[PDB]
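K.L.:
What follows is data_9.txt; its format and atoms are compact mmCIF, C-alpha atoms.
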# COMPACT_ATOMS: atom_id res chain seq x y z
CA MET A 1 59.92 35.74 101.00
CA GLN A 2 61.57 39.04 100.06
CA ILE A 3 58.85 39.74 97.48
CA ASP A 4 56.18 38.96 100.07
CA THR A 5 57.65 41.25 102.73
CA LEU A 6 58.02 43.99 100.12
CA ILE A 7 54.34 43.56 99.23
CA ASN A 8 53.63 44.20 102.91
CA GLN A 9 55.96 47.23 102.81
CA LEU A 10 53.69 48.44 100.02
CA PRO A 11 51.31 51.19 101.21
CA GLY A 12 47.83 51.24 99.76
CA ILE A 13 47.02 54.29 97.65
CA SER A 14 43.99 55.51 95.76
CA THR A 15 44.47 55.09 92.03
CA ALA A 16 42.46 58.30 91.69
CA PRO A 17 44.76 61.36 91.50
CA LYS A 18 42.28 63.99 92.72
CA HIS A 19 43.81 64.41 96.19
CA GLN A 20 47.34 64.60 94.77
CA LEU A 21 46.29 66.91 91.93
CA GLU A 22 44.65 69.29 94.41
CA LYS A 23 47.78 69.26 96.58
CA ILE A 24 49.80 70.04 93.42
CA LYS A 25 47.60 73.03 92.57
CA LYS A 26 47.92 74.38 96.13
CA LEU A 27 51.72 74.16 95.97
CA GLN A 28 51.85 75.89 92.57
CA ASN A 29 49.67 78.79 93.71
CA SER A 30 51.74 78.98 96.92
CA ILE A 31 55.12 79.20 95.17
CA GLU A 32 53.57 81.69 92.74
CA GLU A 33 52.58 84.20 95.44
CA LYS A 34 55.83 83.65 97.37
CA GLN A 35 57.68 84.37 94.11
CA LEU A 36 55.77 87.64 93.66
CA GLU A 37 56.65 88.74 97.21
CA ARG A 38 60.28 87.83 96.52
CA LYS A 39 60.21 89.89 93.32
CA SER A 40 58.93 93.07 94.99
CA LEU A 41 61.35 92.80 97.91
CA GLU A 42 64.14 91.97 95.41
CA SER A 43 63.70 95.15 93.35
CA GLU A 44 63.68 97.19 96.56
CA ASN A 45 66.81 95.24 97.56
CA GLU A 46 68.77 96.08 94.42
CA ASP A 47 67.80 99.76 94.64
CA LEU A 48 69.09 99.85 98.23
CA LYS A 49 72.30 98.08 97.12
CA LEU A 50 72.90 100.77 94.48
CA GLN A 51 72.50 103.52 97.08
CA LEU A 52 74.92 102.01 99.60
CA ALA A 53 77.31 101.26 96.73
CA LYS A 54 77.48 104.95 95.82
CA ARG A 55 78.20 105.92 99.43
CA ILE A 56 80.92 103.22 99.49
CA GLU A 57 82.57 104.57 96.34
CA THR A 58 82.70 108.11 97.75
CA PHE A 59 84.33 106.68 100.89
CA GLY A 60 86.97 104.66 99.03
CA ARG A 61 88.30 107.37 96.73
CA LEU A 62 88.12 110.00 99.50
CA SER A 63 89.94 107.81 102.07
CA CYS A 64 92.70 106.82 99.61
CA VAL A 65 93.34 110.40 98.46
CA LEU A 66 93.32 111.90 101.94
CA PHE A 67 95.55 109.42 103.63
CA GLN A 68 97.82 109.17 100.64
CA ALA B 1 124.65 94.93 134.95
CA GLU B 2 124.77 96.30 131.40
CA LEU B 3 122.98 99.36 129.94
CA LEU B 4 124.62 102.40 128.34
CA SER B 5 122.82 105.15 130.19
CA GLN B 6 123.73 108.58 131.52
CA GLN B 7 123.90 107.24 135.07
CA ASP B 8 126.97 105.14 134.33
CA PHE B 9 128.62 108.21 132.81
CA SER B 10 128.10 110.09 136.08
CA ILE B 11 129.52 106.97 137.73
CA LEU B 12 132.62 107.43 135.56
CA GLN B 13 133.07 111.11 136.38
CA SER B 14 132.67 110.45 140.12
CA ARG B 15 135.32 107.74 139.86
CA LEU B 16 137.66 110.22 138.19
CA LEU B 17 137.14 112.84 140.90
CA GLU B 18 137.66 110.32 143.69
CA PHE B 19 140.90 109.25 142.02
CA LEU B 20 142.19 112.82 141.76
CA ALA B 21 141.45 113.47 145.42
CA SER B 22 143.03 110.16 146.46
CA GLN B 23 146.37 111.05 144.83
CA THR B 24 153.36 104.07 143.98
CA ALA B 25 150.13 102.08 143.50
CA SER B 26 146.49 103.03 143.94
CA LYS B 27 143.37 101.14 145.02
CA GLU B 28 141.23 104.03 143.77
CA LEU B 29 142.99 104.03 140.40
CA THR B 30 142.45 100.29 139.97
CA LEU B 31 138.74 100.88 140.64
CA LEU B 32 138.83 103.61 138.00
CA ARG B 33 140.49 101.17 135.58
CA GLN B 34 137.80 98.58 136.23
CA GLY B 35 135.26 101.29 135.44
CA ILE B 36 136.83 102.39 132.16
CA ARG B 37 137.21 98.70 131.31
CA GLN B 38 133.45 98.23 131.83
CA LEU B 39 132.62 101.26 129.70
CA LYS B 40 135.04 100.03 127.01
CA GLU B 41 133.29 96.66 126.86
CA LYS B 42 129.93 98.46 126.86
CA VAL B 43 131.04 100.45 123.80
CA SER B 44 132.50 97.31 122.19
CA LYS B 45 129.15 95.56 122.58
CA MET B 46 127.75 98.79 121.13
CA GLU B 47 126.18 98.62 117.66
CA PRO B 48 125.92 101.72 115.43
CA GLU B 49 122.17 101.40 114.76
CA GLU B 50 121.93 104.81 113.13
CA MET B 51 119.18 106.55 111.23
CA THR B 52 119.18 110.33 111.22
CA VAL B 53 118.13 111.86 114.53
CA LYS B 54 116.85 114.89 112.60
CA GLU B 55 114.88 112.62 110.29
CA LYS B 56 113.71 110.85 113.45
CA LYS B 57 112.11 114.09 114.66
CA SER B 58 110.54 114.80 111.26
CA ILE B 59 108.94 111.36 110.99
CA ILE B 60 107.66 111.63 114.54
CA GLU B 61 105.85 114.78 113.46
CA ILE B 62 104.48 113.64 110.08
CA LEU B 63 103.47 110.30 111.58
CA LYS B 64 101.65 112.19 114.33
CA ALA B 65 99.95 114.15 111.54
CA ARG B 66 98.92 110.79 110.07
CA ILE B 67 97.43 109.59 113.37
CA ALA B 68 95.49 112.82 113.96
CA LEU B 69 94.06 112.61 110.44
CA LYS B 70 93.17 108.92 111.02
CA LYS B 71 91.15 109.65 114.16
CA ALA B 72 89.54 112.64 112.41
CA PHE B 73 88.35 110.50 109.49
CA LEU B 74 87.19 107.62 111.71
CA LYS B 75 85.17 109.86 114.02
CA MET B 76 83.88 111.49 110.82
CA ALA B 77 82.31 108.27 109.54
CA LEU B 78 80.97 107.28 112.98
CA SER B 79 79.02 110.56 113.22
What is this structure when it is put down as structure tokens?
P.N.:
Amino acid sequence: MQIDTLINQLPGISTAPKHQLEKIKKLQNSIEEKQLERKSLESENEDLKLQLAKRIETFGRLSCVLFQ
Amino acid sequence: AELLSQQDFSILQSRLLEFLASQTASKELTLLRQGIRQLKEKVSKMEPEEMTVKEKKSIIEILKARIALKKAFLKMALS
């Protein structure tokens, strides 16, 4: 009985992989372009981070010296 | 009724005067003796609690220099 009910649980699927394969290709292209966007915005990010880091460093040494 | 302020000093001196003017036994003197008793117990409860009053002034001033520099630097970054 368990095997029977599991056979009913079984959803019918096309043995042909064309639909799946096409889905696959869409996802790969999609993650590719999203990865490019991430890369551009990530280089700009790290540049920004360097800038703010310099301003930080000025602050820290200046503050320490002046108050102490 | 305990605090070691100037006012209770002036209380003492007024008690002394009133005794002098009152002058075998004395009801004004016994009031005076209660008063000096109170001040004695107030000084016995007293604790030395001493750091230099001159140093106290100096640290008030250099601390105030600290604070002024703090606000200067803070308002400097906010600008």
K.L.:
With only C-alpha atoms considered, list every residue of chain B at most 9 Å from chain A, as a list in words.
P.N.:
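That gives residues 66, 69, 70 and 73 of chain B for chain B.
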K.L.:
Residues near residue 19 of chain B, anyone? I mean within 10 Å using only C-alpha atoms, not counting same-chain ones fewer than 4 positions away, as a list in words.
P.N.:
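Listing them by chain and then by number gives residues 13, 14, 15, 23, 26, 27, 28, 29, 30, 31 and 32 of chain B.
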K.L.:
Which value, in Å to one decimal, gives the distance between atom CA of residue 34 of chain A and atom CA of residue 52 of chain A?
P.N.:
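Interatomic distance, atom CA of residue 34 of chain A to atom CA of residue 52 of chain A: 26.6 Å.
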K.L.:
Could you please determine the separation between atom CA of residue 46 of chain A and atom CA of residue 33 of chain A in Å, to one decimal place?
P.N.:
20.1 Å
K.L.:
Any idea what the distance is between atom CA of residue 58 of chain A and atom CA of residue 72 of chain B?
P.N.:
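Going from atom CA of residue 58 of chain A over to atom CA of residue 72 of chain B covers 16.8 Å.
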K.L.:
Counting all atoms listed in the file, write as a list in words all protein and nucleic acid residues lying at most 9 Å from (130.4, 102.1, 128.8) in the file's frame.
P.N.:
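Residues lying no farther than 9 Å from the given point: residues 2, 3, 4, 5, 8, 9, 12, 35, 36, 37, 38, 39, 40, 41, 42, 43, 44 and 46 of chain B.
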